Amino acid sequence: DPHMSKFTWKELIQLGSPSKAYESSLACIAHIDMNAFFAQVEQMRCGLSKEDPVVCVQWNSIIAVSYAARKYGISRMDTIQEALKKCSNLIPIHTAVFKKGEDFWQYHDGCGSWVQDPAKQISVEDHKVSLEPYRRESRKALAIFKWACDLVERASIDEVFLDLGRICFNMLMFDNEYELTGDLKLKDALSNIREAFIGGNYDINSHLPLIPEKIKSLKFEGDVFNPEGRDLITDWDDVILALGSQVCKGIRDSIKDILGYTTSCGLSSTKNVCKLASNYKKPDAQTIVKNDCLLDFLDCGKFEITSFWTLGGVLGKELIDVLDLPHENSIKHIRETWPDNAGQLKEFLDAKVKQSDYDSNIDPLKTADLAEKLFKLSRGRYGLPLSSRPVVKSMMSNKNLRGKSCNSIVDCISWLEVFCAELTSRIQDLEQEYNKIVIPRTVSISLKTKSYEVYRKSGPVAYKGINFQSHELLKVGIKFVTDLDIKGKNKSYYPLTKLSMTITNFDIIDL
């Protein structure tokens, strides 16, 4: 019915449910990604400004580039020597490090390969990186996000997704302060819907009324992606999104004011679109993608089907082959080739997979799910839930090895001693920060030989308290690296090119 909203009371009320809000076409999701994260951490640590051309350096490689340094054309994975040729007043700052034979990390500021002084080097042969300064700042940011929002997913060290559904719903129905104009409050613009909601006499399966003309005074905060100049507020999804944009700016301002960090952000009805949108404009910006602008956005020329999370690897390339996708404008191609329903794409996939001479990363028993995923992704309507993650899931300590710096079992164990110190300190920090007992249950050793062959072993680790944790980790590590040395007998083995220890499973006890 064109006399009513596209959306229902069910879809609106669902915003108030953390378990179901993501399923709604009215969902308001944010993806927030810290700008030049490791470079901003170093900037803040060293009392420097947004205008200072800071780069974070790991060995000889630039792993994060401040937006000031980007103005000189410096890019991630430039070597420090390449970057110094682009910017005469560059401020390179090496990551903190552990020294082999020691059990703590520190910064050696004023030290690095770019420094002439032979006494101020950080040798790759006898140090490993500590990323703990970045992890600590990430956890501080997470605490701020969780204070602001009831459902926050930490997606990686500098990314979160927020479900703004409760905040948006509550603002829509209950906020009696918010002003649209100097003459018009939100409460008065939304008098009809609030009357219905408080009155309680709606049917959940009824469509909402068409939006009131007065709510069109509501502003979006940020950059609304809108190359076709579509009307900004035309249905309740736009109302929810605009309210979300206002809230989202407030949350990002809290991060900036408290921690000093700028962020980029994407706002839309789905996690996948949010993640694309947060990368669209940087630094210090939020890009908003209206439902009516989803195809405009997806088809802007920046994106392909391989841009979507899970599809950037071998499954994505397989789908390009199987579905006969073009090298460009693949998203539109998917949309237009199976234009009516996901069943059209399912039929096509089923025929391809049923062929006797097929194989693959496609599950032949789950083609319905794959078809629906692709159909919806190509329209910007594939809604995945947010997961609130545990305090920790895994912890890894890794050293890729050069030359002969791991040339025997003695060297392996020397590196394991650093790994065990590092992991134990990380566990202790988490226990204190979160008031938990954090208990490693399973450990994995993974290593690569001189010929790049991978050897791995995993198994249980015993628990005897935090004061014996490093010892219990090392016991198992020693057992595993000696076991693997035997397995490598009479084969290309030493000197190793990689050694790592990962705690892959933890028990977390609440206190």
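So that there is no doubt, residue numbering starts at 1 and follows the sequence shown.
Q: Is it true that residue 116 goes unbuilt in a third or more of the other compared entries of this protein?
A: Yes: coordinates for residue 116 absent from at least a third of the compared entries.
Q: Just how many deposited residues go unmodelled from residue 359 to residue 360: none, 1 to 3, 4 to 9, or 10 or more?
A: The entry has 1 to 3 unmodelled residues between residue 359 and residue 360.
Q: Per the entry, where is the mean C-alpha temperature factor higher: 229 to 237 or 136 to 144?
A: The stretch with the larger average C-alpha B-factor is 136 to 144.
Q: As stated in the PDB record, which stretch has the larger average Cα B-factor, 401 to 409 or 419 to 427?
A: Between 401 to 409 and 419 to 427, it is 401 to 409.
Q: Among 113, 378, 264, 272, single out the one with the highest C-alpha B factor in the record, please.
A: Max CA B-factor in the entry, restricted to 113, 378, 264, 272: 113.
Q: Using only the C-alpha B-factors in the record, can you name which of 176, 191, 337, 432 has the highest?
A: Highest C-alpha B-factor among the listed options: 432.
Q: Would you check the entry's CA temperature factor for residue 99 and let me know if it's in the chain's lowest, middle or highest third?
A: Tercile = highest for this residue's CA B-factor.
Q: Quick one: classify residue 48 as lowest, middle or highest third of the chain based on its Cα B-factor.
A: Tercile = highest for this residue's CA B-factor.
Q: Rank-wise, by C-alpha B-factor, drop residue 355 into the lowest, middle or highest third of its chain.
A: Ranked within chain, residue 355 CA B lands in the highest tercile.
Q: Sorting the chain's modelled residues by C-alpha B-factor, tell me whether residue 105 ends up in the lowest, middle or highest third.
A: According to the entry, residue 105 has a C-alpha B-factor in the chain's highest third.
Q: Which third, lowest, middle or highest, does the CA B-factor of residue 35 fall in along this chain?
A: Residue 35: CA B-factor falls in the lowest third of its chain.
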